[PDB]
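Quick notes on the structure that follows.
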Amino acid sequence: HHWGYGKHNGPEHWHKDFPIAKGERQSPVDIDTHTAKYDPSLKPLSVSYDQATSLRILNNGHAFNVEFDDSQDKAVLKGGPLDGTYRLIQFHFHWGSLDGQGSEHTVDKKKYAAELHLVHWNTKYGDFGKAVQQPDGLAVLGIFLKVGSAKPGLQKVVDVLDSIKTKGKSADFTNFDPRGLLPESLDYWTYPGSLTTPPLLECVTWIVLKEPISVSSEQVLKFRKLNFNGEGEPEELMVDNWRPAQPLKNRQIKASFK
Ligand SMILES: [Zn+2]
């Protein structure tokens, strides 16, 4: 009986195996747009993904990750509230069983159909494993997805899901350009938080974009066809793999815009 999102191993049970679940800087949180502070000292984000090298896509049992080669500064995030260079290692999504839920972060209590997380780690720490043990170890770019028009840049991802239907399956996934997943504007909210899945370490600097991207009902429907289970085990659709909002606990959310 390990963690999951079902009735018996869901987010509400995680604190038993991971006490930090009830910690002081847990994520996600609800972003109250009228309480967030405009901080003009925040620089614009600098996303250099031109030399990104995707390597494979994997179904790990709780979501699907697209992994990148992070052995060099090929795809990096700088600027904003960050000190130093953060390398992109993987990206994944959080989605629901219905279009009205799925995102982890909420804006004025509004839930989106899904949320994309682009995970980066601070290079001063040498590797992802060391970075997660530091308060400024990770930088995660969060992007909301709403249902409407199709996103062409996401179709390549949608088309291969069939080959990694169950837990443990992986497939080569080269030459995917993550720049096709970015919205027009890079305005954002930022606050110090944690990973939203166990081990739930409080090593993340969250950068949540104001502008969501649109995907079609057909694209999100294919996400819902994935399984939490491994091949040959009873089928459990991979849906609602999101953690609900946690207490802000006197943290302050800053906005790069007004
Ligand atoms: Zn995530």
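Count begins at 1; order follows the chain as displayed.
Positions of Cβ are set from backbone N, Cα and C atoms, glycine also.
As annotated by Swiss-Prot, domain 'Alpha-carbonic anhydrase' applies to 1-257.
Counting every protein chain shown, the Cβ of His62 (active site, proton donor/acceptor) has 17 other Cβ atoms within 10 Å. When secondary structure is read from DSSP and collapsed to three states, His62 (active site, proton donor/acceptor) falls in the coil class. Under the heading active site, proton donor/acceptor, Swiss-Prot lists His62.
Long-range C-beta contacts of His92 (Zn(2+) binding site), restricted to its own chain and to partners at least six residues apart, with a cutoff below 8 Å, comprise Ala63, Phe64, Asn65, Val66, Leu116, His117, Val119. As annotated by Swiss-Prot, Zn(2+) binding site applies to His92, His94, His117, with the evidence given as experimental evidence.
DSSP classifies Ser163 (phosphoserine) as helix under the three-state reduction. Taken from Swiss-Prot, the feature phosphoserine covers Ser163 (among others), and the record attributes it to a large-scale study or a structure entry.
According to Swiss-Prot, the feature phosphoserine maps to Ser170 (among others), an assignment based on a large-scale study or a structure entry. Non-local neighbourhood of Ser170 (phosphoserine): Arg56, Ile57, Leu58, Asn59, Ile164, each in the same chain, at least six residues away, with C-beta under 8 Å from its C-beta.
Taken from Swiss-Prot, the feature substrate binding site covers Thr196, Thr197. Taking Cβ-Cβ distances under 8 Å and a sequence separation of 6 or more, the neighbours of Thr196 (substrate binding site) in its chain are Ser27, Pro28, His94, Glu104, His117, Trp242, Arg243.
Summary for the binding-site residues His94, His117: the Cβ-based neighbour count within 10 Å is maximal at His94.
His92 (Zn(2+) binding site) falls within a strand segment according to DSSP. Note on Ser163 (phosphoserine): other Cβ atoms within 10 Å of its Cβ, all shown chains, come to 13.
The Zn(2+) site is defined by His92, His94, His117, and by the 8 Å test on Cβ atoms against their centroid, the other residues of the chain that qualify are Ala63, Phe91, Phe93, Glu104, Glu115, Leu116, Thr196.
In this structure, none of the recorded positions from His62, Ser163, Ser170 has a C-beta falling under 6 Å of any atom of ligand 1.
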